[PDB]
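Q:
Protein chains: 2
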Amino acid sequence: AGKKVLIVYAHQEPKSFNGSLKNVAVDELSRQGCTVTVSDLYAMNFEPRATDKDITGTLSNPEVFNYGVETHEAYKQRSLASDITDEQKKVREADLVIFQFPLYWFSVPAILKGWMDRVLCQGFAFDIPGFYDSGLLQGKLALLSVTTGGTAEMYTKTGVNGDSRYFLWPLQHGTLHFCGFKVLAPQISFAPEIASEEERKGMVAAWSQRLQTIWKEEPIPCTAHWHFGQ
Amino acid sequence: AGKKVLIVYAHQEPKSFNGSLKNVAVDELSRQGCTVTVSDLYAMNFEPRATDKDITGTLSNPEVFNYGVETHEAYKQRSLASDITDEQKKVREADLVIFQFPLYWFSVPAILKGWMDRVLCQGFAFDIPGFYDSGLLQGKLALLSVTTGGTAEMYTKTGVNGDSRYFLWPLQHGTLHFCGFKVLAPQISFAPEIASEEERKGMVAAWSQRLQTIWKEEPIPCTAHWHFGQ
Ligand SMILES: Cc1cc2nc3c(=O)[nH]c(=O)nc-3n(C[C@H](O)[C@H](O)[C@H](O)COP(=O)(O)OP(=O)(O)OC[C@H]3O[C@@H](n4cnc5c(N)ncnc54)[C@H](O)[C@@H]3O)c2cc1C
Ligand SMILES: Cc1cc2nc3c(=O)[nH]c(=O)nc-3n(C[C@H](O)[C@H](O)[C@H](O)COP(=O)(O)OP(=O)(O)OC[C@H]3O[C@@H](n4cnc5c(N)ncnc54)[C@H](O)[C@@H]3O)c2cc1C
Ligand SMILES: COc1ccc2[nH]c(I)c(CCNC(C)=O)c2c1
Ligand SMILES: COc1ccc2[nH]c(I)c(CCNC(C)=O)c2c1
Ligand SMILES: [Cl-]
Ligand SMILES: [Cl-]
Ligand SMILES: [Zn+2]
Ligand SMILES: [Zn+2]
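Chains A and B, in that order, are what the protein sequence lines are. Position in the first sequence (from 1) plus 1 gives the number in UniProt numbering. Position in the second sequence (from 1) plus 1 gives the number in UniProt numbering.
1. Name, please, each residue of chain B whose Cβ falls closer than 7 Å to the Cβ of A:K16.
2. Is it buried or exposed for B:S135, if we count other Cβ within 10 angstroms and need 16 for buried?
3. Would a check of beta-carbon distances place A:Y43 closer than 8 Å to chain B?
4. Which residue spans inside the region 104 to 174 of chain B form an unbroken beta strand (DSSP E) run of at least 3?
5. Count the other CB atoms within 10 Å of the CB of A:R32; is the residue buried (16 or more) or exposed (fewer)?
6. Suppose contacts are defined by Cβ-Cβ distances below 8 Å. Is A:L142 in contact with A:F127 by that definition?
7. In terms of residue numbering, what span does the alpha helix (DSSP H) encompassing B:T86 cover?
8. Starting from B:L97, follow its DSSP beta bridges and name the residues at the other end.
9. Would you say B:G136 lies against chain A (beta-carbon separation less than 8 Å)?
10. Tell me B:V37's beta-bridge partners as DSSP assigns them.
11. What does A:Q173 touch in chain B if you count any residue whose Cβ is under 7 Å from its own?
12. Run the Cβ filter for me: residues under 5 Å from any heavy atom of ligand 8, listed in the order they occur in the chain.
13. Contact check, B:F132 vs B:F179 under 8 Å by CB: the rounded distance?
14. Ligand 3 and A:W106: does the residue's C-beta get closer than 7 Å to at least one heavy atom of that ligand?
15. Does the beta carbon of A:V37 come closer than 8 Å to any beta carbon on chain B?
16. When you compare only the Cα positions, how much space is there between B:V65 and B:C223?
17. Three Cβ pairs or more, each shorter than 8 Å: is that satisfied between the region 101 to 120 of chain B and the region 152 to 161 of chain B?
18. Tell me, to the nearest whole angstrom, how far the beta carbon of A:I8 is from that of A:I99; I am working on the premise that it is less than 8 Å.
19. Quick check on the burial criterion: 16 or more other C-beta atoms within 10 angstroms. Buried or exposed for A:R79?
20. In whole angstroms, what is the alpha-carbon distance linking B:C122 and B:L104?
21. Near ligand 6, which residues have their beta-carbon closer than 7 Å to a heavy atom?
22. Between the region 21 to 38 of chain B and the region 199 to 212 of chain B, do at least 3 Cβ pairs fall closer than 8 Å?
23. For A:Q231, return the contacting residues in chain B, with the cut-off set at a CB-CB distance below 9 Å.
24. Are A:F47 and A:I129 touching if we call contact CB-CB under 8 Å?
25. Can you tell me whether A:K77 is buried or exposed? The criterion is at least 16 other CB atoms within 10 Å of its CB, across all chains shown.
26. Output needed for B:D118: all residues of its chain with C-beta closer than 8 Å, excluding positions within five of it in sequence on either side, in chain order.
27. Measuring only the C-alpha atoms, how far is A:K217 from A:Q101?
28. Classify B:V65 as helix, strand or coil using the three-state DSSP reduction.
29. Against chain B, does A:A192 count as a neighbour if the rule is that its beta carbon must be under 8 Å from one of theirs?
30. Secondary structure at A:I215, three-state DSSP: helix, strand or coil?
31. Tell me the DSSP secondary structure of B:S190 in three-state form.
32. Report the rounded CA-to-CA distance for A:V27 versus B:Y68, giving the unit in angstroms.
33. Have a look at A:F125, A:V37, A:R93 and A:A44 and flag the residue whose alpha-carbon is nearest the alpha-carbon of A:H73.
34. Please confirm whether B:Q101 has its beta-carbon closer than 8 Å to some beta-carbon of chain A.
35. Look at A:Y43 and A:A75 and say whether their C-beta atoms are less than 8 Å apart.
36. In the DSSP assignment, the alpha helix (DSSP H) including B:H228 goes from what residue to what residue?
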């Protein structure tokens, strides 16, 4: 309670394991008295493409379109498309942002990659300078709650996929820490589709139980050593 | 020559540095006598979202939508949407696939992430016995030609962004190698917007020159060691 949470959710099916993890987060955080908002990207038909339709005012350089330059200016002038503005309001108000999604090619599904590309624009999430520890979303927490097709054993240093932390780098360091977020430890629910029903219920319960004490957690040291070792 | 190349290109502006790199690749490979095709994703308004519209006709299980299962079955039953199958035909016929794009959040822009998510489906790009070395696109070459906002020095082990090889992992190993591609060394054009015109013409020239002998190259060893060294 006394906290606002935004859950950015990326799954097409309400009945899925991801849907259950999203619902258990809403239920638990709601029970605690926290304020909770969910951006259900597929239900919103959220636009993932970074295009000139994202700026509604006069372009800074109409001869040669530069998405980053134009969205930075549009943010400052308040001429960004309203879908982007609506998400920035949710992020601005949130104390914790949880991303709930199935891993697609060792990363986030494209609809959620689009949310990162379009919502986290210069001027809003970072500035030059004003990134990493000085990012604009400093003071906020972020957490990746990911599900995988591959097993935990495949995601180890000696497994075929390498350690799970390796693929977290672009997201935790390159994106969240770059924008100033303090990153909480990822929640990784391995291979639910081939797990037993008891194991799945167990993974949902472990997430619910973790959320009970989420506000007492410290963030991870978002560094190369944490992700890669040595 | 006697080779087919597909360039999957993700930039909004034809006059951009990315546009120039795409154009010299088409020019050089066409001069060599190679068969060249370009999927200009923004011009195609390529759909990035993984949804049930990707399957035509009746769904395998219309009570609980599972994208991976539905697209695997649709691939086997020849019922995938035409935008996806049009791209799969280009890939199937290609000997080399070059991805040309600006780095967005240490990864590919969402429209290109969408192409990977939707085009590289089970049955087409990978299957139970076929992945990594036995991936279904084995025999084909793939190459990432990336442009960055950050300077090369920022992309060093002690630079703020970390070694560039760190962010290449989900793309080169988790995606390309996983599908069976032999991965050629990435072409990284660091910070073209900050560079002088000479340094830029210099980077465009290095790319054109490299393409002259591209078929003489051996692929990189796509391992955790190559990426995280040490
Ligand atoms: C394009 C694409 C790319 C991919 N790339 C990767 C990759 O790089 N790496 C990788 O490892 N995987 C990858 N995958 C696999 C993907 O990560 C998994 O398919 C996904 O994580 C599974 O989560 P889900 O919610 O879709 O599962 P579900 O299909 O929902 O499976 C979970 C099962 O649990 C049941 N269930 C739901 N709620 C509950 C509950 N509360 N209690 C008990 N049971 C419940 C469901 O009915 C279901 O049978 C990819 C998939 C696609 C489509
Ligand atoms: C959403 C988003 C996320 C981003 N995330 C990251 C990130 O994680 N890491 C990072 O490092 N960067 C990031 N960036 C920055 C991005 O990677 C760079 O802006 C992009 O790579 C620059 O390439 P460009 O083609 O857009 O450049 P341009 O704007 O085209 O700059 C090159 C200059 O050269 C000119 N030019 C074009 N062709 C030629 C030619 N043949 N010869 C000479 N000059 C020529 C152009 O007109 C231009 O002035 C991000 C940007 C956005 C919008
Ligand atoms: C890098 O790893 C990837 C990449 C793409 C993938 N698309 C699907 I569907 C899966 C899950 C199938 N594997 C298992 C073990 O269940 C998958 C895994
Ligand atoms: C991790 O690094 C990122 C992340 C997101 C970014 N969005 C933009 I626009 C940039 C270019 C900013 N300039 C430099 C030199 O980096 C950018 C860089
Ligand atoms: Cl598999
Ligand atoms: Cl040679
Ligand atoms: Zn970090
Ligand atoms: Zn590899």
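Here a beta-carbon is modelled for each residue, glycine too, at the ideal position from N, C-alpha and C.
A: So, from the listed chains and residues:
1. In chain order: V65.
2. Sixteen is the threshold: since fewer than 16 other Cβ atoms of the shown chains lie within 10 Å of the Cβ of B:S135, the residue is exposed.
3. So, interface residue.
4. The DSSP assignment places 142 to 148 as complete runs of the beta strand (DSSP E) inside the region 104 to 174 of chain B, in order along the chain (cut-off: 3 residues).
5. With fewer than 16 other Cβ atoms within 10 Å, it is exposed.
6. At a Cβ-Cβ threshold of 8 Å, A:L142 and A:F127 do not count as neighbours.
7. Its alpha helix (DSSP H) spans residues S83 to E94.
8. Looking at the DSSP assignment, B:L97 forms a beta bridge with B:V6 and B:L142.
9. By this cut-off, B:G136 is not an interface position.
10. Per DSSP, the beta-bridge partners of B:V37 are B:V6.
11. Per Cβ cutoff of 7 Å: no residues; A:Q173 is ~10 Å from chain B at best.
12. Any residue whose Cβ sits closer than 5 Å to a heavy atom of ligand 8 makes the list: B:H174, B:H178 and B:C223.
13. With 8 Å as the limit, B:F132 and B:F179 qualify as a contact, their Cβ atoms being about 5 Å apart.
14. Yes - ligand 3 has a heavy atom lying nearer than 7 Å to the Cβ of A:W106.
15. False, the Cβ-Cβ gap to chain B never drops below 8 Å.
16. B:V65 and B:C223 have their C-alpha atoms spaced approximately 36 Å apart.
17. No, the region 101 to 120 of chain B is not in contact with the region 152 to 161 of chain B.
18. So it is a contact: roughly 5 Å between Cβ atoms.
19. Classification of A:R79: exposed, given that the 10 Å Cβ count is below 16.
20. Answer to the nearest angstrom: the Cα atoms are 23 Å apart.
21. Having a Cβ closer than 7 Å to some heavy atom of ligand 6 are B:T214 and B:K217.
22. Because the criterion of three Cβ pairs below 8 Å is met, the region 21 to 38 of chain B and the region 199 to 212 of chain B touch.
23. Neighbours of A:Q231 in chain B, taken as residues whose beta carbon is under 9 Å from its own, are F229 and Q231 in chain order.
24. No, they are not a contact pair.
25. Exposed, because fewer than 16 other Cβ atoms sit within 10 Å of the Cβ of A:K77.
26. Excluding sequence neighbours, B:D118 sits near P49 and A51.
27. Distance between the alpha carbons of A:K217 and A:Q101 is about 20 Å.
28. Coil at B:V65, not helix or strand.
29. A:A192 does not count as touching chain B.
30. Looking at A:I215 - three-state DSSP - the assignment turns out to be helix.
31. The three-state reading of DSSP puts B:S190 in strand, counting E and B together.
32. Approximately 24 Å between the Cα atoms of the pair.
33. Selection A:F125, A:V37, A:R93 and A:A44 evaluated against A:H73 yields A:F125 as nearest (Cα-Cα).
34. It does not; no Cβ of chain A falls within 8 Å.
35. With respect to the 8 Å criterion, A:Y43 and A:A75 are not classified as neighbours on the basis of their beta carbons.
36. For B:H228, the enclosing alpha helix (DSSP H) begins and ends at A225 to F229.
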